[PDB]
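**Q** Let me begin by handing over the structure; questions about it come next.
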Amino acid sequence: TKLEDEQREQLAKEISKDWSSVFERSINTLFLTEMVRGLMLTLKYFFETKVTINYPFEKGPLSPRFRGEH
Amino acid sequence: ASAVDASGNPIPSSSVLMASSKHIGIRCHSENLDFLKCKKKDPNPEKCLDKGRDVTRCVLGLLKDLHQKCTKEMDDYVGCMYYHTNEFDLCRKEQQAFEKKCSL
Amino acid sequence: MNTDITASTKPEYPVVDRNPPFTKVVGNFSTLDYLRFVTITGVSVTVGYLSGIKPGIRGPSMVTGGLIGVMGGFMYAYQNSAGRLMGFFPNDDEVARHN
Amino acid sequence: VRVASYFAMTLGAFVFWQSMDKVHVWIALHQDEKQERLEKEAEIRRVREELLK
Amino acid sequence: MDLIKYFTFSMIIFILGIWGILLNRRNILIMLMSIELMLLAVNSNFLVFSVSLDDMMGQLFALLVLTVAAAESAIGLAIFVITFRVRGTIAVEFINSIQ
Amino acid sequence: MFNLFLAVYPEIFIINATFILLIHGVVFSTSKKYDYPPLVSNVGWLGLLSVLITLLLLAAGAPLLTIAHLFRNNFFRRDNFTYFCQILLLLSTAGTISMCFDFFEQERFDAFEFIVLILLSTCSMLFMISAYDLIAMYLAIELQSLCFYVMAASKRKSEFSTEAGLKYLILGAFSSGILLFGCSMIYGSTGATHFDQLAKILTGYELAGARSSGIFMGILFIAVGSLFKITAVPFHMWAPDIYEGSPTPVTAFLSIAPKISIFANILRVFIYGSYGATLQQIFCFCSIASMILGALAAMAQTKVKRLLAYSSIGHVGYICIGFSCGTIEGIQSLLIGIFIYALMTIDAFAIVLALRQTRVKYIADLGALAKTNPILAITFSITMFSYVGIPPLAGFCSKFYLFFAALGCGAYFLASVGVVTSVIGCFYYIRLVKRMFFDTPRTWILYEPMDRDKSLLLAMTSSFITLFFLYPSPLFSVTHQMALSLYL
Amino acid sequence: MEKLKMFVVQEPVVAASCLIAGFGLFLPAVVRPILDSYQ
Amino acid sequence: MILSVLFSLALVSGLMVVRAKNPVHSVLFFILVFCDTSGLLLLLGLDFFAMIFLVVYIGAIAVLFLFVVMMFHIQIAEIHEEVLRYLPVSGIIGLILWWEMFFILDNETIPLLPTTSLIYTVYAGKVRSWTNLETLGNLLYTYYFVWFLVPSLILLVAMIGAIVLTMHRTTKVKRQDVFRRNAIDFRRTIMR
Amino acid sequence: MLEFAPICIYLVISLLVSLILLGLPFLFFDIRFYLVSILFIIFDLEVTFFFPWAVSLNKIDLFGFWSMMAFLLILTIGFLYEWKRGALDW
Amino acid sequence: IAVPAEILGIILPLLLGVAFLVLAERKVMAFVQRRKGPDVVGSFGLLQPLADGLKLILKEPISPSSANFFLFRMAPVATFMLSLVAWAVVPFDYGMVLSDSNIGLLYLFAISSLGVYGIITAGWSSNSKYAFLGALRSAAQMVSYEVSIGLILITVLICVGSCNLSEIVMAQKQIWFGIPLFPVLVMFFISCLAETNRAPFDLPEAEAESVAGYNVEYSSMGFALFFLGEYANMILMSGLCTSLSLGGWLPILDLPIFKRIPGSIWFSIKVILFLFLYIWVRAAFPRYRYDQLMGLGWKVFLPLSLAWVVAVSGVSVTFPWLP
Amino acid sequence: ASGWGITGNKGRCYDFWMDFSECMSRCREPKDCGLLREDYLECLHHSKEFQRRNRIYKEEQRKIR
Amino acid sequence: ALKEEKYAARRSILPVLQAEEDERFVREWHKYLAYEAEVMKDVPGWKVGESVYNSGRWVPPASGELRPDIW
Ligand SMILES: CCCCCCCCCCCCCCCCCC(=O)OC[C@H](COP(=O)([O-])OCC[N+](C)(C)C)OC(=O)CCCCCCCCCCCCCCCCC
């Protein structure tokens, strides 16, 4: 686990090069940027058109080489 | 919300008094202060009832004078101060109409 | 909030001021009060170093002892200075300075 | 079933509390007599003390 | 009458906690529960006395007693957990090793 | 630091030092950089240093503790009585911390939370000694009670420690409930919580009558709680079991430190506030029971810790005769007895911890000690004779001055019972001395040498005990001044 | 400084809470006396 | 009448706590008696104290007791004793305490026998009615701060004791770490 | 008070409707939980103390504010103890 | 008298709103997932809640016979009581309150505290130990996030001198408290999400996953009552969010065109946006492990809530900005 | 008794308590303040007033009988 | 400012309400004193509305009910 600890320290030093980067990372982790982006995509699909087939009146496409009833 | 008895008498009530609070405190601050001083000196109601009687006389005279000076404005003010339980913020137009007639 | 500085026992020496300010009490620190602070801090640091050898944290032990000793020595020096300035202690030198 | 037993015990506790109210009223009523008894006893002790003195 | 009824109820709760301790010989959690009932009776007495006497000391000390009772319940359940883990059971005859 | 807090520098410093020690210990014991070091010794040394520093603060700032008299009057009042009581309490705490160092390393008990709780409980006893109200009294009592719960149950896997913790838990909670009911009754029937108000209301009127029945019950319940806190026979049943079960440093601290604080609290709540002959009668009965049953039960004991517990119960009974006389000489005798008993208990428990290296359990274990460790045998025999009350040693001074206070007390029955108990209870101390010196057992239990921390303390305490009869004027004068200053 | 940056990266939420608490204690400790003197 | 019903329910719940066979039922009846005491506080007029009784006693301490009792899984005949034998001593002690209550009430607090029309209303303290919560906060935080800071030490002691008594970290169990490189930067790699 | 009678009647009506809903078809170990509960007790006491402080900030001065801050600091040290010991982890 | 009429007029529309809320959750989640929700039981599926309730009523019950029949049956009753009595205080406009308690905030906090007992007793009374363990987990999670919720309530109580929701809103008149305390509103929203076991932190609804839940043993009406209690709590805490950080029955910018709307419409609209946010977060995010969510509640939201309490108190005390 | 009333105003008879305390502080003998101590206790418990009302009620009821 | 306006309006009205309440209480207390005299005239050694307190300092009659004003 000493290797894991030193790898963690090296990575932390790598991604903490300057105050700008550390502040940006902290703000991104605190203000839920990825969550907001996922919410925006979800809202886009809420407002987009649907692909429901409306079964009894509209039926899915088939092919002449369909294996249905003997 | 009536604010008036059968024979033009002003009902003390609480809406009427709350409407005429500023007028009371401006007209007879004096014996109101005197009655409060007597109450502080001796809390017994019987020891000085005369100061309370003078305060009541002031309040009744002011209510009668205000009612006989402006009636429609005072009646509307008391009605709207009864509809909303003595909330001044909910009765602004009626209060302003009352202020114009009977100036402080 | 009301605060009263009156003490139960009357001071036995002339009172420069009943409730001296914190800055004035700190500035009243004589060489003896500085010696008190230095001795207490040094005792604490030495005790911390000598006790932290077995656990293996000599630097951390000295640091903890240093904070404890600084707090205690500053409290003792402030206590002595305030007691002198309120007349509880033999404040001959600052009584003369006030006079 | 325990709900019926719980309600029966609740009624019993209610009856006990009315009994407690009754004994409180009884104590309120029979206090003056205790007062004269205590006064008589205190008078006896005072007379005894004054005869000793 | 209201003060009489409240004081009688509080005294009855105190006696009921005493009875819980008395009857629960082989039960210890119910003994702690009876102690907590005693605490509740004390708090109720303090509150009703404050209300009757028009003094705020009863409310202050009832709040402090609530805090203390909560802390002591935390500590007591810690003791219960460690004991039950040590001997594997809560029976009283396993908690009689000292005599 | 604004100038009112001159009245609370010792407590503030001890609290801040406890917080600093807790933070340091946790952060450097949960550290993977090191090998998770046992920080108990380092934290204990720093806590002993903090205790010494706050002792110096309290001793040097003797007139400054009275600053903000009216500001602090609601919570506590400080005077010469509290000053000396707190000085003795800090000395006892420092001795207990110093003499329990070797227990840590050898017995592997490496929880610095023990030292943190030592400091926190010491602050609680400081607040208790200063306390001047029915609320601060309860708060300080409960603080030390929770600390002692955790202390007794400190050894988690130990069956004895867990059982002692559970028993002390339940019985202390019961006593807290009783004391709380007493406080509630007094508040309801008096309208007052401050000790000055209680004194003003209660003086001039006896507590035995139709009036103030609720006041009488509240005072009686508070007395019951305090008697439980001092292990009187009507409420003593916890003392031996928890004293045996809890780890030896914990039981030493329990036997030494809480006694002085609880007794100063009792003096300030009862002798000053609710002074009335019924309280002295209650404590007279409690003292009779304490002495008689302590002697009787310690005669039948065969374990060192249980014998020490019952000796503590008997000496509390003697402190209770001193209280139950309740005069100037009575209170001075109470203070003398408390000081002497604390010194003797420190001596005895230092010797016990010295013998803890080889895990001494029974009285027979220290048999043939006059050969393996001669000077230790003489030292422990001197301690046992001091507990007896043999004249040249310190215990006899407290003994005869308690008996003199009882003869000027008018309590001939109390004095006769006390002296008969003193004769009766000499037997088990003599049995200990026989076990060290007289017996020739088939096999001997060789005891490892001491640590310097216990050795210096034991030497100082034994020199004080043996040579106290050459110069008792300082202690007698100090206790007389404290008793006089209790009121004026 | 480097260790502080590493700590802020590794535990951002505790650093943010500490900064917020420091600001909350700093306003009445300094700015309140400053405003009292100014008034 | 409502007061009588409330403490009758409280007494019954307390008796069920005392004589309940199942400790879980004991906890539930303890919750019930706490609720009845809260109702009594409503009748008294201490809304804040009733709500804090609910929050602390009903919430915190009672969920603690419930958790520990259910997690123990105590069986019958492990905690079981006949109550008939202790009935005489319980009755004697309860009767002594009741007689002492009798003596206390007979002297100090005399009940009033039948009032409303004689109530003298001051009207002076009602212009700004201070709530119980408001008054308690003002007092407790201005002029009794020591008795407020001391319980903080008690809570700290309780937390320290709870940890030093009931802490057991896993000796050898893997713990997930989210600060890995593939989570942080994740440079893409291929077979070529 | 005079406002909790509607609450009591609401409770009674809720009981009635719940019983009706139930009766409609009839017509046809681990220490982590303990530690969490103890933390719950401590922070319930914290919030119980916050409520009057928060309400009466306007009356209590910087004295009261700093007393509450000292209370928190005394109890936040306990939270740091929890964090470093490992009580908050699962 | 009129009090039972008011109570019934609060309770029954609340049940209708809960039914249409589960229907709206289905519809919104389906529209998110590029499909259409219930559309075949009535026009646009408006009769779907009625059909579901009728089916649940007509389903024949089963008796587990768990030797704890009373406690098994009464736990959903307890949680239903708690949800309803919590709803007994929430205002809708100026004067639409049953109990205008001066301690309304602490009343709601206490009712939320009592809410764990229904689930705890449901888990214990069930024969299976998996249900008991799941109930314990859910209870602990609600405990932690209710501590956080109480701290947020303390922040709001620092902002507003009073403790009743109506006067809270009357203070909200100026700035809605959401503009000053948007991070506090976000933390309160996440805490109430974890309080009702909805969205992320969804342990009981992860039945297809190994955690199972406390509702496995429950019959048709027990499960229905637990679901109704959970959704009533969801609506309750949405109302709490809008009364605490969105001004309740208050328009935007106080324009006179906006004042034509009664205000109860404003409160309803804000509650609808909060419910839409509930369904949005549930549909858009994965769920946390139990240990992860517990550590997040005890290590991320509690320190932040304490820090925000301290910051708001420091801002208000330093400046004359104090009520 | 402290003057902190239950409704944020002056206590019910903190004035009586202060009269008794001043008498005790300036008195030559503690029995001099017996009347004021009786007044303070009577305010605290209403014992004498309640007894007077109870005996009035008893006389009224026995006259009816 | 709004709350201060409301409280200032309340304070100006207070003296007349207090006067009315004082007169009402005086009338009721005089009626009670007359009732007490007419029901207690038979027993000797009975005063008319004697105060159990000393040194004056009139206090309102005890109601026997805890907090009667809140209800
Ligand atoms: C107008 C008057 C009308 C009548 C009024 C009086 C009605 C009767 C009141 C007494 C109670 C009767 C029902 C008892 C049922 C007990 C069932 C049982 O065994 O439960 C097991 C439980 C133990 O729990 P358990 O777990 O064994 O539960 C099993 C329950 N069963 C049997 C139903 C399956 O026992 C107890 O809890 C002990 C109860 C003792 C009795 C308490 C009664 C209430 C308090 C009475 C106070 C005094 C009243 C009289 C005062 C007189 C004046 C001073």
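Every chain in the structure tokens has a letter given in the order shown (A, B, ...), and although residue numbers restart at 1 in each chain, ligands are simply numbered from 1 in the order shown.
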Could you tell me which residues of chain H sit within 12 Å of chain D when counting only C-alpha atoms, and give me the result as a PyMOL selection string?

**A** chain H and resi 1-16+20+25+29+98+101-114

**Q** Residues of the last selection are to be written out with N, CA, C and O atoms, as a compact mmCIF listing (two decimals), in the first residue's frame.

**A**
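part19.txt, written as the output of this step:
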```
# COMPACT_ATOMS: atom_id res chain seq x y z
N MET H 1 -60.23 17.85 32.31
CA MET H 1 -60.66 16.55 31.79
C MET H 1 -59.63 16.03 30.80
O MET H 1 -59.22 14.87 30.87
N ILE H 2 -59.22 16.89 29.86
CA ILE H 2 -58.18 16.51 28.91
C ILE H 2 -56.88 16.22 29.63
O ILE H 2 -56.14 15.29 29.27
N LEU H 3 -56.58 16.99 30.68
CA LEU H 3 -55.40 16.73 31.49
C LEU H 3 -55.49 15.36 32.15
O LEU H 3 -54.51 14.59 32.16
N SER H 4 -56.66 15.03 32.70
CA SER H 4 -56.84 13.73 33.35
C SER H 4 -56.67 12.59 32.35
O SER H 4 -56.01 11.60 32.65
N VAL H 5 -57.25 12.73 31.16
CA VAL H 5 -57.09 11.70 30.13
C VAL H 5 -55.62 11.56 29.76
O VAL H 5 -55.11 10.44 29.61
N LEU H 6 -54.92 12.68 29.61
CA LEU H 6 -53.53 12.64 29.18
C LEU H 6 -52.66 11.92 30.21
O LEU H 6 -51.87 11.04 29.85
N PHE H 7 -52.78 12.28 31.49
CA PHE H 7 -51.89 11.55 32.40
C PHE H 7 -52.41 10.17 32.77
O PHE H 7 -51.62 9.35 33.24
N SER H 8 -53.69 9.86 32.53
CA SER H 8 -54.11 8.46 32.62
C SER H 8 -53.43 7.62 31.55
O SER H 8 -52.92 6.53 31.82
N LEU H 9 -53.40 8.14 30.31
CA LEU H 9 -52.68 7.46 29.25
C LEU H 9 -51.19 7.35 29.58
O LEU H 9 -50.57 6.32 29.32
N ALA H 10 -50.61 8.41 30.14
CA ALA H 10 -49.20 8.38 30.51
C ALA H 10 -48.92 7.33 31.57
O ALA H 10 -47.93 6.60 31.49
N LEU H 11 -49.79 7.24 32.59
CA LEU H 11 -49.61 6.23 33.63
C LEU H 11 -49.73 4.83 33.07
O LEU H 11 -48.96 3.93 33.44
N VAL H 12 -50.70 4.60 32.18
CA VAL H 12 -50.85 3.28 31.58
C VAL H 12 -49.63 2.92 30.74
O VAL H 12 -49.14 1.79 30.78
N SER H 13 -49.13 3.88 29.96
CA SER H 13 -47.94 3.63 29.15
C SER H 13 -46.72 3.34 30.02
O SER H 13 -45.91 2.47 29.69
N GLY H 14 -46.58 4.07 31.13
CA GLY H 14 -45.48 3.79 32.04
C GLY H 14 -45.59 2.42 32.69
O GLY H 14 -44.59 1.72 32.85
N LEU H 15 -46.80 2.02 33.07
CA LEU H 15 -47.01 0.69 33.62
C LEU H 15 -46.67 -0.38 32.59
O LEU H 15 -46.11 -1.43 32.93
N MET H 16 -47.03 -0.14 31.33
CA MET H 16 -46.66 -1.08 30.27
C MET H 16 -45.15 -1.12 30.06
O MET H 16 -44.60 -2.17 29.75
N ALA H 20 -43.74 -4.75 30.66
CA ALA H 20 -43.78 -5.26 29.30
C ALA H 20 -42.83 -6.43 29.15
O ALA H 20 -41.68 -6.37 29.60
N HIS H 25 -41.56 -3.58 22.86
CA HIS H 25 -42.81 -3.00 23.35
C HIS H 25 -42.53 -1.99 24.46
O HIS H 25 -43.23 -0.98 24.57
N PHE H 29 -43.84 1.87 24.31
CA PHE H 29 -44.63 2.51 25.36
C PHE H 29 -43.87 3.67 26.00
O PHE H 29 -44.49 4.62 26.49
N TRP H 98 -46.10 7.57 48.36
CA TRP H 98 -47.39 8.24 48.23
C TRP H 98 -47.78 8.96 49.51
O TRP H 98 -48.35 10.05 49.46
N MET H 101 -45.80 12.09 49.50
CA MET H 101 -46.48 13.03 48.61
C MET H 101 -47.67 13.66 49.31
O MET H 101 -47.92 14.86 49.18
N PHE H 102 -48.44 12.84 50.03
CA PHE H 102 -49.57 13.32 50.82
C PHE H 102 -49.14 14.39 51.81
O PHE H 102 -49.76 15.46 51.90
N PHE H 103 -48.07 14.13 52.56
CA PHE H 103 -47.61 15.10 53.55
C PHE H 103 -47.09 16.37 52.88
O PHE H 103 -47.30 17.47 53.40
N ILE H 104 -46.41 16.24 51.74
CA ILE H 104 -45.92 17.42 51.04
C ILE H 104 -47.07 18.28 50.55
O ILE H 104 -47.06 19.51 50.70
N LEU H 105 -48.10 17.65 49.97
CA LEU H 105 -49.23 18.41 49.45
C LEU H 105 -50.09 19.00 50.56
O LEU H 105 -50.67 20.07 50.39
N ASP H 106 -50.17 18.32 51.71
CA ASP H 106 -51.07 18.76 52.78
C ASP H 106 -50.64 20.08 53.41
O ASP H 106 -51.45 20.72 54.09
N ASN H 107 -49.39 20.51 53.19
CA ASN H 107 -48.86 21.69 53.87
C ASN H 107 -48.59 22.86 52.94
O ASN H 107 -49.00 23.98 53.22
N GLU H 108 -47.89 22.62 51.83
CA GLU H 108 -47.43 23.71 50.98
C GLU H 108 -48.46 24.11 49.92
O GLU H 108 -48.90 25.26 49.89
N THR H 109 -48.84 23.17 49.06
CA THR H 109 -49.72 23.45 47.93
C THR H 109 -51.13 23.00 48.29
O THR H 109 -51.44 21.81 48.27
N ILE H 110 -51.99 23.97 48.61
CA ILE H 110 -53.38 23.70 48.96
C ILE H 110 -54.22 23.88 47.70
O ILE H 110 -54.18 24.96 47.09
N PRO H 111 -54.98 22.87 47.27
CA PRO H 111 -55.82 23.04 46.08
C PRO H 111 -56.92 24.06 46.31
O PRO H 111 -57.38 24.28 47.44
N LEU H 112 -57.35 24.70 45.22
CA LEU H 112 -58.37 25.73 45.26
C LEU H 112 -59.73 25.12 44.94
O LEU H 112 -59.87 24.39 43.96
N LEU H 113 -60.73 25.44 45.77
CA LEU H 113 -62.08 24.92 45.59
C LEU H 113 -62.98 26.00 45.02
O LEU H 113 -62.97 27.13 45.53
N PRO H 114 -63.78 25.70 43.98
CA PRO H 114 -64.69 26.67 43.38
C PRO H 114 -65.89 26.98 44.26
O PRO H 114 -66.76 27.74 43.84
```

**Q** Please provide the set of residues having any atom within 10 Å of residue 100 of chain J, restricted to only C-alpha atoms, with same-chain residues fewer than 6 positions apart removed, written as an MDAnalysis selection string.

**A** (chainID I and resid 1:4 6) or (chainID J and resid 88:91 164:167)

**Q** Give me, as an MDAnalysis selection string, the contact residues of chain J against chain H at a cut-off of 12 Å, counting only C-alpha atoms.

**A** chainID J and resid 68 70:71 75 101:121 123:125 129 132:133 135:137 139:140 142:144 146:147 150 161:164 289 291:292

**Q** Pull out every residue of chain H that has at least one atom within 12 Å of chain C, counting only C-alpha atoms, and report them as a list in words.

**A**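 Written out as asked, the residues are residues 138, 139, 141, 142, 143, 144 and 145 of chain H.
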
**Q** Would you mind listing what lies within 8 Å of residue 2 of chain G as a PyMOL selection string, with only C-alpha atoms counted and same-chain residues fewer than 4 positions away left out?

**A** (chain A and resi 13+16) or (chain G and resi 6)

**Q** The selected residues should be written to file as a JSON list (two decimals), in the first residue's frame (atoms: C-alpha atoms).

**A**
```json
[["chain", "number", "residue", "atom", "x", "y", "z"],
["A", 13, "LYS", "CA", 1.20, 17.00, -6.92],
["A", 16, "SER", "CA", -2.18, 20.75, -8.14],
["G", 6, "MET", "CA", -2.52, 19.08, -2.30]]
```

**Q** Within 12 Å of residue 17 of chain I, counting only C-alpha atoms, which residues show up once you throw out same-chain ones fewer than 3 positions away? Write them as a PyMOL selection string, please.

**A** (chain I and resi 10-14+20-24) or (chain J and resi 7-8+11-12+15+77+80-81+84+225)

**Q** Store the residues of this selection in a file with N, CA, C and O atoms, as a PDB file, in the first residue's frame.

**A**
```
ATOM      1  N   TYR I  10     -56.854  16.988  13.503  1.00  0.00           N
ATOM      2  CA  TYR I  10     -56.222  16.494  12.286  1.00  0.00           C
ATOM      3  C   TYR I  10     -55.637  15.105  12.500  1.00  0.00           C
ATOM      4  O   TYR I  10     -55.752  14.234  11.632  1.00  0.00           O
ATOM      5  N   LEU I  11     -54.995  14.885  13.649  1.00  0.00           N
ATOM      6  CA  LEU I  11     -54.464  13.563  13.964  1.00  0.00           C
ATOM      7  C   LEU I  11     -55.580  12.527  14.040  1.00  0.00           C
ATOM      8  O   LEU I  11     -55.442  11.412  13.519  1.00  0.00           O
ATOM      9  N   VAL I  12     -56.697  12.882  14.677  1.00  0.00           N
ATOM     10  CA  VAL I  12     -57.818  11.948  14.781  1.00  0.00           C
ATOM     11  C   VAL I  12     -58.371  11.613  13.399  1.00  0.00           C
ATOM     12  O   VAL I  12     -58.648  10.445  13.086  1.00  0.00           O
ATOM     13  N   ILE I  13     -58.538  12.627  12.548  1.00  0.00           N
ATOM     14  CA  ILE I  13     -59.076  12.393  11.210  1.00  0.00           C
ATOM     15  C   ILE I  13     -58.103  11.568  10.377  1.00  0.00           C
ATOM     16  O   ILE I  13     -58.515  10.729   9.565  1.00  0.00           O
ATOM     17  N   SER I  14     -56.799  11.794  10.551  1.00  0.00           N
ATOM     18  CA  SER I  14     -55.807  10.986   9.854  1.00  0.00           C
ATOM     19  C   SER I  14     -55.887   9.529  10.288  1.00  0.00           C
ATOM     20  O   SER I  14     -55.787   8.618   9.457  1.00  0.00           O
ATOM     21  N   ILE I  20     -59.786   3.508   7.533  1.00  0.00           N
ATOM     22  CA  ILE I  20     -60.711   3.260   6.429  1.00  0.00           C
ATOM     23  C   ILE I  20     -59.968   2.666   5.238  1.00  0.00           C
ATOM     24  O   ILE I  20     -60.425   1.699   4.613  1.00  0.00           O
ATOM     25  N   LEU I  21     -58.802   3.232   4.914  1.00  0.00           N
ATOM     26  CA  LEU I  21     -58.016   2.724   3.796  1.00  0.00           C
ATOM     27  C   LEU I  21     -57.582   1.285   4.038  1.00  0.00           C
ATOM     28  O   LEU I  21     -57.613   0.457   3.120  1.00  0.00           O
ATOM     29  N   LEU I  22     -57.173   0.964   5.269  1.00  0.00           N
ATOM     30  CA  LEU I  22     -56.836  -0.421   5.584  1.00  0.00           C
ATOM     31  C   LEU I  22     -58.045  -1.335   5.440  1.00  0.00           C
ATOM     32  O   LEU I  22     -57.931  -2.451   4.922  1.00  0.00           O
ATOM     33  N   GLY I  23     -59.211  -0.884   5.899  1.00  0.00           N
ATOM     34  CA  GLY I  23     -60.390  -1.726   5.895  1.00  0.00           C
ATOM     35  C   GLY I  23     -61.122  -1.823   4.577  1.00  0.00           C
ATOM     36  O   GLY I  23     -62.063  -2.615   4.474  1.00  0.00           O
ATOM     37  N   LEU I  24     -60.732  -1.036   3.574  1.00  0.00           N
ATOM     38  CA  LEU I  24     -61.408  -1.120   2.279  1.00  0.00           C
ATOM     39  C   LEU I  24     -61.320  -2.505   1.645  1.00  0.00           C
ATOM     40  O   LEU I  24     -62.367  -3.029   1.225  1.00  0.00           O
TER      41      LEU I  24
ATOM     42  N   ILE J   7     -60.003  20.130   7.832  1.00  0.00           N
ATOM     43  CA  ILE J   7     -59.058  19.019   7.870  1.00  0.00           C
ATOM     44  C   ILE J   7     -59.321  18.050   6.723  1.00  0.00           C
ATOM     45  O   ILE J   7     -58.386  17.570   6.072  1.00  0.00           O
ATOM     46  N   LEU J   8     -60.593  17.746   6.455  1.00  0.00           N
ATOM     47  CA  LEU J   8     -60.925  16.875   5.331  1.00  0.00           C
ATOM     48  C   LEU J   8     -60.545  17.515   4.002  1.00  0.00           C
ATOM     49  O   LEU J   8     -60.020  16.841   3.106  1.00  0.00           O
ATOM     50  N   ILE J  11     -56.911  16.976   3.661  1.00  0.00           N
ATOM     51  CA  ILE J  11     -56.428  15.602   3.554  1.00  0.00           C
ATOM     52  C   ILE J  11     -56.770  15.007   2.194  1.00  0.00           C
ATOM     53  O   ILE J  11     -55.897  14.477   1.498  1.00  0.00           O
ATOM     54  N   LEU J  12     -58.043  15.070   1.796  1.00  0.00           N
ATOM     55  CA  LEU J  12     -58.451  14.409   0.556  1.00  0.00           C
ATOM     56  C   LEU J  12     -57.767  14.984  -0.680  1.00  0.00           C
ATOM     57  O   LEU J  12     -57.244  14.196  -1.495  1.00  0.00           O
ATOM     58  N   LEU J  15     -54.339  13.521  -0.945  1.00  0.00           N
ATOM     59  CA  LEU J  15     -54.287  12.180  -1.521  1.00  0.00           C
ATOM     60  C   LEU J  15     -54.442  12.224  -3.038  1.00  0.00           C
ATOM     61  O   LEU J  15     -53.741  11.503  -3.764  1.00  0.00           O
ATOM     62  N   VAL J  77     -49.663   2.999   9.005  1.00  0.00           N
ATOM     63  CA  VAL J  77     -50.579   3.949   9.623  1.00  0.00           C
ATOM     64  C   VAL J  77     -49.798   5.063  10.300  1.00  0.00           C
ATOM     65  O   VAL J  77     -50.138   6.243  10.174  1.00  0.00           O
ATOM     66  N   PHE J  80     -48.302   7.418   7.753  1.00  0.00           N
ATOM     67  CA  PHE J  80     -49.357   8.203   7.121  1.00  0.00           C
ATOM     68  C   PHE J  80     -49.825   9.328   8.040  1.00  0.00           C
ATOM     69  O   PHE J  80     -49.987  10.478   7.602  1.00  0.00           O
ATOM     70  N   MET J  81     -50.047   9.013   9.321  1.00  0.00           N
ATOM     71  CA  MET J  81     -50.308  10.047  10.320  1.00  0.00           C
ATOM     72  C   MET J  81     -49.241  11.124  10.293  1.00  0.00           C
ATOM     73  O   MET J  81     -49.549  12.319  10.317  1.00  0.00           O
ATOM     74  N   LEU J  84     -49.458  13.380   7.199  1.00  0.00           N
ATOM     75  CA  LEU J  84     -50.625  14.257   7.213  1.00  0.00           C
ATOM     76  C   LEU J  84     -50.475  15.376   8.241  1.00  0.00           C
ATOM     77  O   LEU J  84     -50.712  16.552   7.933  1.00  0.00           O
ATOM     78  N   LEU J 225     -50.004   2.346   1.591  1.00  0.00           N
ATOM     79  CA  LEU J 225     -49.907   3.384   2.610  1.00  0.00           C
ATOM     80  C   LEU J 225     -48.478   3.892   2.748  1.00  0.00           C
ATOM     81  O   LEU J 225     -48.259   5.094   2.926  1.00  0.00           O
TER      82      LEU J 225
END
```

**Q** Between H:33, H:125, H:97, H:119, which is the closest to chain K once you count only C-alpha atoms?

**A**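 Ranking H:33, H:125, H:97, H:119 by distance to chain K, first place goes to H:125.
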
**Q** Can you tell me, as a VMD selection string, what residues are no more than 6 Å from segment 39-54 of chain I when counting only C-alpha atoms, ignoring any on the same chain fewer than 3 positions away?

**A** (chain H and resid 60 133 137) or (chain I and resid 36 57) or (chain J and resid 157 to 158)

**Q** Kindly provide, as a ChimeraX atom specification, the residues of chain I having any atom no farther than 10 Å from an atom of chain C, counting only C-alpha atoms.

**A** /I:59-64
